[PDB]
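Quick heads-up: it's one chain on its own, the form deposited in one PDB entry, in structure tokens.
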């Protein structure tokens, strides 16, 4: 059983801001961080999710006075405890972030939990795994210190045979770490009238390549945002207000230009991730990866949307939404 009514909050992990502050707060959103001269998985490149940049490290890190590792002298038991509490806090804060409709991917499916909450929780859990295993990305010098203290805690505190021990140690604690997620979900009962929550709603077992996991998150987000853009285009162009010359005008042209602008910024992110994915996973499509996972991606022709031919800019000014964004 879990720590049902036993409350525990940790300093350093406040309400999420990665897709923006929770209302009435505004802005403060993080962007996807793509880097050239970095290795992720086997190969070059990486795009870092806003959510990852907001990951709760709890008592693992001491932010006070310029920053320091809070696990330098820890036993592996106390380290495990500190990870478990961080994971438990991450789950609670992600629940609030998707319950309030602030997370982009939440803007109520199907076990009665907030849309996107389980995906986000699974994703953060994968991030914790890769942080502990030392197999993520070296973007933060402070997490570099964390994987390295973790490595030395495990090696001093287990019999030698070596990040092979760090790998076996994670495997031995994985079930317990996942129980921190299930436990935090059970505590939703205290909070929620939609259903009864047994804690298994985001999976009885932990999920399920972090680079692929990050790319999938990118996709889910892009496709949802894409449908919101369509929604606003149809509300402002559908009304058939076209100025004589007929060329679109006013609210319609505004909403259409917003999507055109959105696609232009997302293009670099698609190219980077698509290339990394497809030339690591030979014979596999980046388009298939997203479409087989997220129903919001089904209407998206990724090759059309991000097409780099010369004629496409002139004939399709607003991409795949050019027809709604035209006259007649």
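C-alpha atoms forming the largest set that superposes within 1.5 Å between two forms make up the rigid core. Positions refer to the first chain, counted from 1.
- Residue 244, though modelled here, lacks coordinates in at least a third of the other entries of this protein that were compared and that model residues flanking it.
- For the cut-off of one third of the other compared entries, residue 67 qualifies: that many or more give it no coordinates while modelling its flanks.
- The entry shows a gap from residue 161 to residue 162, with 4 to 9 unmodelled residues of the deposited sequence in between.
- Deposited sequence between residue 238 and residue 239: 4 to 9 residues lack coordinates.
- Legend: mean Cα B-factor per stretch from the PDB entry, 142 to 150 versus 125 to 133; the higher mean is in 142 to 150.
- Per the PDB record, of the two stretches 24 to 32 and 49 to 57, 24 to 32 carries the greater mean B-factor over its C-alpha atoms.
- Of the residues listed, 245, 85, 106, 211, the entry assigns the biggest Cα temperature factor to 245.
- Highest CA B-factor among the listed residues (194, 91, 221, 102): 194.
- Split the chain's modelled residues into thirds by C-alpha temperature factor. Residue 291 is in the lowest one.
- Looking at the C-alpha B-factors along this chain, the one for residue 116 belongs to the lowest third.
- Placement of the Cα temperature factor of residue 72 within the chain: highest third of the modelled residues, per the deposited record.
- Residue-level temperature factors show residue 225 in the lowest third of its chain, judged at the C-alpha atom.
- Split the chain's modelled residues into thirds by C-alpha temperature factor. Residue 257 is in the middle one.
There is another form of the same protein, the form deposited in another entry; it is not shown, and what comes next is about it.
- After superposition on the rigid core, the C-alpha displacement between the shown form and the other one reaches 2 Å or more for just one residue among 178, 197, 170, 140, namely 140.
- Taking 2 Å as the criterion, residue 40 counts as shifted between the shown form and the other one: its C-alpha moves by at least this amount when the rigid core is aligned.
- Here's the thing about residue 122 and residue 43: their CA atoms end up at least 3 Å closer in the other form than they are in this form.
- Compared with the form shown here, the C-alpha atoms of residue 174 and residue 43 sit at least 3 Å closer together in the other form.
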